[PDB]
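Below: one structure, written as structure tokens.
A quick note on method: Cβ atoms are made from the backbone with ideal geometry, for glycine too, and the neighbour counts reach across all protein chains shown. Each answer follows from the model by the rule given with it, or from the source it names; these are not laboratory values.
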Ligand SMILES: Cc1cc2nc3c(=O)[nH]c(=O)nc-3n(C[C@H](O)[C@H](O)[C@H](O)COP(=O)(O)OP(=O)(O)OC[C@H]3O[C@@H](n4cnc5c(N)ncnc54)[C@H](O)[C@@H]3O)c2cc1C
Ligand SMILES: Cc1cc2nc3c(=O)[nH]c(=O)nc-3n(C[C@H](O)[C@H](O)[C@H](O)COP(=O)(O)OP(=O)(O)OC[C@H]3O[C@@H](n4cnc5c(N)ncnc54)[C@H](O)[C@@H]3O)c2cc1C
Ligand SMILES: NC(=O)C1=CN([C@@H]2O[C@H](COP(=O)(O)OP(=O)(O)OC[C@H]3O[C@@H](n4cnc5c(N)ncnc54)[C@H](OP(=O)(O)O)[C@@H]3O)[C@@H](O)[C@H]2O)C=CC1
Ligand SMILES: NC(=O)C1=CN([C@@H]2O[C@H](COP(=O)(O)OP(=O)(O)OC[C@H]3O[C@@H](n4cnc5c(N)ncnc54)[C@H](OP(=O)(O)O)[C@@H]3O)[C@@H](O)[C@H]2O)C=CC1
Ligand SMILES: [Ag+]
Ligand SMILES: [Ag+]
Ligand SMILES: [Ag+]
Ligand SMILES: [Ag+]
């Protein structure tokens, strides 16, 4: 009937998941469209999506590298002795090693397309022509040469999101998360704008890889970084980023940026101050990447900042056109898009339909002291629950009395419904938190109670065993108000 | 009525749990008996039990120290340059800092007793006289001076366990886990006898803290270390301990040990070979410490290796006498004894009786690549289950392509009942495994199914998220047989 069963615009986390699934476990003719084959600074994303090329994968590698600064310093207390006087890392050999790993994943995706029959990779910029036609061009410009014209039954949009910039003079002098991955040298005088995921995470990277006398300044528009997270975790993280070197700067926002006679950028703030930074990164946000896809031509509903209007099954305004991942602007994570993609395949090609559960999704923040959250905060649970108990526990891991890093305090805060005992949210700060929160997310998806926690015999010399030691709540929330006692 | 409500013999993990609980949350007159107040060689354990003084606490500190050997080496690939040749750690400043931490906990317990009313610490060797009288002597000898005579309603035994040696000539030339904590110098030529918990853990410590050209030989009586653990996890550890430096030797056992004219020990093996070790540690096992408690005088039953025979509520032969922890020889762990102790309090002084759940208890092995297990192995689940599915997954963390340690392979193995899909066992090998297994243990006590795992949306750049990626089983066991499908 048609040339392909599916054309996937975007070979991302979600995109490739659906592509492979339709082609292998259903034997369908699948075409996957993407910008380029291997990662690279002209057009950053590639085969594997942001996640693989300019996202989670390289980020984690760099965060792991920066984490050594602490560990090399901490080793002293345990009897490990070396030349610690102004010891600095090699940024060039990090990026070198990072690229070799990213490209290796790029390369194994190439041979995947050469070895899987039904799957075909189509390089270029995809755009919609009608309900059944996707046109591949060599540019985002609608007037540039047409490389391919794909005729398909279904169309899936998985083009993800794209960095947001702030509309100020000197905006193009700044870098984003994209450019950060390919910097020639590690900046000495660094400014991270914003208080989001990337802002906090990258602040840690640069602070680990700063040269001599270098400093990283994080500035945030509001008065507490990481809005939406547990207020007590946020405050404790702010304190710990400081103790680690990163100078946090609340209620501050840049307005003017100009370049100097040495390359460095001159930044003008809100309070009127002027400081000189070698690099300035903007972690403002990520808007869904759909501006060039010509959704109007096919009649696909575009809403909140270019987000693609979808229902619970990812179906758009047109019955055969679907969208998954960051482009839908639901929950912008890698494992979410993968689930949304697998659920899409099961729905249309599998027969048995299934919707993606967006609630109670465990995620992490790979800041130097990492965060692990799943579920509701105090503010949210007290907002729409009758009565809620709040459990709290802060402890310094015993090893840190030797290592010297006494600021490193592990924190667990469980938020439960008082009526039932149901765990509505668990919030963690400290090493191993992203690992621990994963299996917590399993429990919350099972709908677990606080009684299920402190009844499990612990595993002693661990941080996670502290989940099972919280019996008495710190305080309560009664019909909205913060109360220290409950009659 | 009489002097004390409770006399606890042993200020251990469980002993101190039962003491504090009865005294604070029930306002009972509680006496706690122990050998000494601060850690120290002559009699190793102190206030806090084995676990605090010569157990989990110091062990973990030393395992964390050793892990820096890998971490310093691994940093190179990420751009961290320094002097790496001949770089060996300072053992003396490790023990120094270890002692400082252990002593502060000792001190913390000392001020606890002085501030908690009802609780009183009584230094000396406790021994039974009758169903209500506990005698405190200055020595383990039953004829040394009597320091105190405590008269109590209830008696709780929490004296824990003690290292086992092997009956061979040269047995007293060896060290145990106890002496290992207070070695004056890090051994160059090390031998670890046995293939149990302590063996694998300490092998990693000494291998981390070995001087120049040093080596650690681990010898085990059988042909695969750590019996009772997942056979595939065991084999993968054996390779990784090897790759990390430790030379594993199976089907081998020492028989004769003699000292030389420089201090070093000469060891005669099972195959007939002889080799020289600066130090030789015996991780043979731990027998319940009840040899000098005179349970006969009070009429308390001692069965297999002197273990105090108890029911599900810790009650012994006599209705007032109880026992918890390693001395019962049920499950020799710190959090087990704490639970046994807390349940003991609830049983008698709390009103509401409660028994300790010994099945499906998550534990860990702090090897250089750590282990995290909970529930049944393949062998055990195939013995007493109709049909069982075996899920397996091995993967190299992405960072290890840069760090150079490509041998460090993370492994997860889930063992489920094929009938309903119930998770009967989870076995892990790699970093964070002891952290991950804890919340796995929450699920298994919760009675979780494999469908609960792979239906949870993961947390991408983690090792624990792979737990939710196992959908199709590697193979099956059908009525006992290893079945392809
Ligand atoms: C720096 C950074 C770090 C992150 N770290 C994490 C993390 O640690 N954990 C986590 O869960 N999430 C993380 N995220 C988010 C995660 O990377 C995304 O949510 C994920 O990539 C979404 O998958 P997707 O398939 O929807 O989009 P993507 O994976 O980004 O796929 C989009 C692909 O579509 C292609 N494309 C774009 N336009 C077109 C077009 N015109 N025609 C054809 N193809 C096109 C692009 O080239 C791109 O390859 C991070 C994000 C960033 C930016
Ligand atoms: C090296 C090592 C590492 C370990 N690591 C871990 C681990 O990481 N995780 C884990 O879960 N378990 C671990 N264990 C096991 C754990 O330490 C014990 O199971 C736990 O301490 C048991 O608690 P208990 O109260 O029954 O005995 P203990 O905590 O050992 O208490 C016994 C106390 O009784 C005292 N005592 C002895 N005889 C008398 C007497 N005659 N009169 C009065 N008092 C007496 C002793 O001085 C001692 O202080 C480890 C054990 C060892 C040896
Ligand atoms: N799971 C993980 O480990 C990671 C996930 N991600 C995903 O990718 C996305 C990356 O977006 P990111 O921007 O880094 O994080 P966010 O979009 O969550 O947060 C952006 C921050 O920038 C601030 N901000 C927004 N607009 C402005 C402005 N105009 N001027 C100054 N400050 C502003 C916001 O302030 P305010 O709070 O006041 O609105 C907020 O603190 C995340 O949303 C997340 O979904 C990214 C990295 C890691
Ligand atoms: N949870 C944790 O992290 C830790 C817990 N522990 C606790 O300490 C307890 C005791 O540890 P451990 O001392 O290592 O005892 P184990 O029972 O754990 O292991 C003893 C090892 O020595 C071997 N062995 C036994 N008898 C002899 C013998 N006569 N000659 C030669 N080899 C022999 C055994 O092999 P085989 O019997 O298979 O032939 C076994 O491999 C453990 O049960 C555990 O509860 C200790 C350290 C860490
Ligand atoms: Ag990713
Ligand atoms: Ag559960
Ligand atoms: Ag302990
Ligand atoms: Ag669970």
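Remarks
- Checking B:247, B:301, B:227 one by one, the residue that is in contact with a strand residue (DSSP E or B) (Cβ under 9 Å, 6 or more places away or on another chain) and under 25 Å from residue B:373 (Cα atoms) is B:247 and no other.
- Members of region B:245-256 found to be surrounded by 21 or more Cβ atoms within 10 Å (Cβ to Cβ) and farther than 11 Å from residue B:218 by Cβ, listed by number: B:254
- Against the numbered list (1) within 19 Å of residue A:227 (Cβ to Cβ); (2) facing chain B (nearest Cβ under 10 Å); (3) in contact with a strand residue (DSSP E or B) (Cβ under 9 Å, 6 or more places away or on another chain); (4) away from ligand 8 (no atom under 16 Å from the Cβ), residue A:369 comes up short only at (2).
- Whether a residue is outside the structural domain of residue A:179 (by CATH), more than 16 Å from ligand 1 (Cβ to nearest atom) and over 30 Å from residue A:2 (Cβ atoms) was assessed, and residue A:77 passes this test.
- Residue check, residue B:445 over 25 Å from residue B:365 (Cβ atoms) and in the same structural domain as residue B:381 (by CATH): no
- Residue within region B:197-212 that is more than 16 Å from ligand 5 (Cβ to nearest atom) and closer than 30 Å to residue B:294 by Cβ present: yes
- Among the residues of this structure, residue A:164 does not count as one that is more than 14 Å from every other protein chain (Cβ to nearest Cβ), closer than 30 Å to residue A:346 by Cβ, within 18 Å of the chain's Cα centre (by Cα) and away from ligand 6 (no atom under 16 Å from the Cβ).
- Selection status of residue A:378, surrounded by 19 or more Cβ atoms within 10 Å (Cβ to Cβ), more than 11 Å from chain B (Cβ to nearest Cβ) and more than 30 Å from residue B:103 (Cβ to Cβ): yes
- Just one residue in the set B:22, B:37 is crowded, with 21+ Cβ neighbours inside 10 Å and either more than 8 Å from every other protein chain (Cβ to nearest Cβ) or part of a loop (DSSP other than H, G, I, E, B) (or both); that residue is B:22.
- Index of the failed condition, residue B:357 passing every other in (1) at the interface with another protein chain (Cβ under 9 Å from one of its Cβ atoms); (2) under 24 Å from residue B:156 (Cβ atoms); (3) touching a helix residue (DSSP H, G or I) at 6+ places or on another chain (Cβ under 7 Å): (3)
For every residue, the table says whether it meets (1) within 14 Å of chain B (Cβ to nearest Cβ); (2) crowded, with 21+ Cβ neighbours inside 10 Å; (3) closer than 21 Å to residue A:362 by Cβ.
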position: A:404; (1), (2), (3): yes, no, no
position: A:407; (1), (2), (3): no, no, no
position: A:411; (1), (2), (3): no, yes, yes
position: A:414; (1), (2), (3): yes, yes, yes
position: A:436; (1), (2), (3): yes, yes, yes
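- Among the residues of region A:76-120, the ones that are at the interface with chain B (Cβ under 8 Å from one of its Cβ atoms), without any contact (Cβ under 8 Å) to a residue 12 or more places away in the chain and more than 20 Å from residue A:55 (Cβ to Cβ) come to 7 in all.
- Among the residues examined, residue A:422 does not qualify as within 20 Å of residue B:431 (Cα to Cα) and not assigned by CATH to the domain that holds residue A:73.
- Residue in region A:50-73 that is assigned to a helix (DSSP H, G or I), within 10 Å of another protein chain (Cβ to nearest Cβ), surrounded by fewer than 19 Cβ atoms within 10 Å (Cβ to Cβ) and out of contact with any helix residue (DSSP H, G or I) (no Cβ under 7 Å at 6 or more places or on another chain) present: no
- Screening A:55, A:40, A:10, A:77 for residues that are more than 20 Å from residue B:461 (Cβ to Cβ) and within 16 Å of ligand 3 (Cβ to nearest atom) leaves exactly one candidate, A:10.
- Scanning region A:199-217 for residues that are within 14 Å of another protein chain (Cβ to nearest Cβ) and within 8 Å of ligand 3 (Cβ to nearest atom) gives a single hit, A:201.
- Strands (runs of 3 or more DSSP E) fully within region A:130-193 counting 1 or more residues that are within 30 Å of residue A:245 (Cα to Cα): A:161-163, A:189-193
- For region A:312-334, the candidate set comprises residues that are buried (at least 22 other Cβ atoms within 10 Å of the Cβ) and in a loop (DSSP other than H, G, I, E, B); within that set, the residue that is nearest to the chain's Cα centre (by Cα) is A:333.
- Residue satisfying condition, being away from ligand 6 (no atom under 16 Å from the Cβ), part of a helix (DSSP H, G or I), within 12 Å of another protein chain (Cβ to nearest Cβ) and surrounded by fewer than 24 Cβ atoms within 10 Å (Cβ to Cβ), within set B:342, B:337: B:342
- Within region B:438-465, being in contact (Cβ under 8 Å) with a residue 24 or more places away in the chain, farther than 13 Å from residue A:448 by Cβ and more than 7 Å from chain A (Cβ to nearest Cβ) holds for B:449, B:450, B:451.
So that you can scan it fast, the table gives a plain yes or no per residue for (1) within 16 Å of ligand 4 (Cβ to nearest atom); (2) touching a helix residue (DSSP H, G or I) at 6+ places or on another chain (Cβ under 9 Å):
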{"site": "B:391", "(1), (2)": "no, yes"}
{"site": "B:406", "(1), (2)": "no, yes"}
{"site": "B:434", "(1), (2)": "yes, yes"}
{"site": "B:449", "(1), (2)": "no, no"}
